[PDB]
């Protein structure tokens, strides 16, 4: 009974939820309690049921939604823009037998692995409340897109909804995947560049390997690359 965890698209199949992996295989839950996850994208932990385009699975944990917001705005300081107030640890961590970095899920979706620092809380309610304070927004500044541009550059804007000193104290290591539907971004990129698709998407992050202080001399900028692929 092979086991697997990973990022999947969430399907609404006439009211029942199924999933689709990055290879395009539909994963059909056979759990006796219905899946009720309301997300566009998810992280699941599962096993393949015995008796082998669709595979029946048993979920081994409650599915987790991982949707995050991608926006376009013309430049820094305009409507919808977000100001970073915390550094990530990295946009990479260990998944399976290797490290994973920002990657392409489908023509419409990309995924950021985020390694970051949270407050040390212990009640289930508190942990859930703490996690909700962290928002990872990808921003495309459309004024920066010029005619012919083959590179789509996105800024990770990471905001913690807490006071500056409490942000600085966070030290508990956490990992999460964040999935971004980027069709609207791609549409705007096409209109400004005249290109049908970018050769690559770049993700620009403020990260700090040592502490959670944004204005620390250890905070660096790091650019992660995604080679953008299509069936066409």
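Positions refer to the first chain, counted from 1.
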property: Residue 52 to residue 53: deposited residues without atomic coordinates; result: 4 to 9
property: Which of 133-141 and 72-80 has higher mean CA B factor, as the PDB entry lists it; result: 72-80
property: 55-63 versus 198-206 - which carries the larger mean C-alpha B factor in the record; result: 55-63
property: Most elevated Cα B-factor in the entry, residues 155, 97, 158, 116; result: 97
property: Residue selected from 179, 167, 27, 186 by maximal Cα B factor; result: 27
property: CA B-factor placement of residue 190, once the chain's modelled residues are sorted into thirds; result: lowest
property: Third of chain Cα B-factors occupied by residue 172; result: middle
property: Third of the chain, ranked by Cα B-factor, where residue 44 sits; result: middle
property: Residue 16 by Cα B-factor - lowest, middle or highest third of the modelled chain; result: highest
property: Modelled-residue ranking by C-alpha temperature factor, third containing residue 150; result: middle
